[PDB]
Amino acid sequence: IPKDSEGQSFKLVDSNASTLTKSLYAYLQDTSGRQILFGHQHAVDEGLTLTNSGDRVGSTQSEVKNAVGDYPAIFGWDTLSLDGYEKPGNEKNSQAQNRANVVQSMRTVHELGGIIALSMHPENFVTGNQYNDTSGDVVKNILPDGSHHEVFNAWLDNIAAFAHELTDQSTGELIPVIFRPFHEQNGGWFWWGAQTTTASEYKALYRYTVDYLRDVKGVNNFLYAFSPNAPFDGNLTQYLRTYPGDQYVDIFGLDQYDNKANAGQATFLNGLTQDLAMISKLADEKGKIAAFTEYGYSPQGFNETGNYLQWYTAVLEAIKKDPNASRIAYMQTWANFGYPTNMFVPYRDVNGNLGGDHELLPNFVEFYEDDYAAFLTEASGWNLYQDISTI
């Protein structure tokens, strides 16, 4: 993985992005067309094979590691952790204690050499319910001229507090985070989605988030990912309907899951080649990065048995075969919270209590063994750009 981007300069959303943030951005540019980094949400604290207790703060156990012998390159968490709703947070902890827990777990992974991606599922600021309550006209309400504006700033304030605490203890360096505001916004299953929010309210919301964190709060350790939900039938207009603009996006992504009952089929794989080719061309002419920001067997995970057994390699093949699509920088699958709806990475039965290895394991091993699929050891060096310049 050659340091082609070393000594170069890049238009980042944050012209004042920190050394390791710039370095990560350069590396993502350089890996493009050479290898795709594999990511996993809750890579160190959710899995059937994990044996550590409680909130799992600073865990180095990993479903994927138990499965194939190395960690993913990219370690995912959500803002829900800061609020105590997902590990390593806990609703019985103080907010500051939850923020310490998240900082600790990400420190540990940084020390392993991993890259951090932070998704968000913010509460419904209007109703006090969660991301999935779409009522209340939330976005209009949390924008500068809305009545819930200050409650949303306060939430961003805790994100900012988190970001400034997230430093490497042995170097003093800020740990970079790939941050993804308000995803799958063309869908209508989140309160910021298109059934409840105008394209133009969305654009405003995305820009505000960036402007507030970067300029008001001084967060310098974020890269910004924009990720509508596929399929797009290769229609870029549908993809860009909510685009906040060149100055607000570092990474073009898309989210796409297959069908649980009948995965691995032509339609899905072809649409994936087509839509990844599309955002890769968009990234190219814009001088940005493209990524498969969420993918998985289905929105309800894979089956206990009777899966399409070639799934992992079939997905990687659909990407590899296309000169544009194969330039994506990473692809990340979801958290193994458990059956019936949250199994994404197959397990190796290392504790001897799951009734044997999962039927998808052999193909997940092949996917891992593909030279184009980069896990943690393949992604080392990401942090080694010294001389990368901004705007």
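All residue numbers refer to positions in the sequence shown, first residue = 1.
Trainee: Between 74 to 82 and 202 to 210, name whichever shows the higher mean Cα B factor according to the PDB entry.
Mentor: The stretch with the larger average C-alpha B-factor is 202 to 210.
Trainee: Should the higher mean CA B-factor in the entry be assigned to 136 to 144 or to 257 to 265?
Mentor: Of 257 to 265 and 136 to 144, the stretch with the higher C-alpha B-factor average is 136 to 144.
Trainee: Tell me, please, which of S298, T127, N229, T108 has the highest C-alpha B factor according to the deposited entry?
Mentor: Within the set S298, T127, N229, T108, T127 shows the top C-alpha B-factor.
Trainee: Just to confirm, going by the entry's C-alpha B-factors, which of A290, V216, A225, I115 comes out highest?
Mentor: By C-alpha B-factor in the record, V216 ranks first.
Trainee: According to the PDB entry, is the CA B factor of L272 in the bottom, middle or top third of its chain, that is, lowest, middle or highest?
Mentor: Highest third, going by the recorded CA B-factors of the chain.
Trainee: Split into thirds by Cα B-factor across the chain's modelled residues, where does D233 land: lowest, middle or highest?
Mentor: Top third by C-alpha B-factor.
Trainee: By the recorded C-alpha temperature factor, relative to the other modelled residues in its chain, which third is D357 in?
Mentor: For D357, whose C-alpha B-factor we compare with every modelled residue in the chain, the answer is the middle third.
Trainee: If you rank every modelled residue in this chain by C-alpha B factor, which third holds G172: lowest, middle or highest?
Mentor: Its C-alpha B-factor belongs to the highest third of this chain's values.
Trainee: Comparing against every modelled residue in the chain, figure out the third that the C-alpha B-factor of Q310 lands in (lowest, middle or highest).
Mentor: Middle third by C-alpha B-factor.
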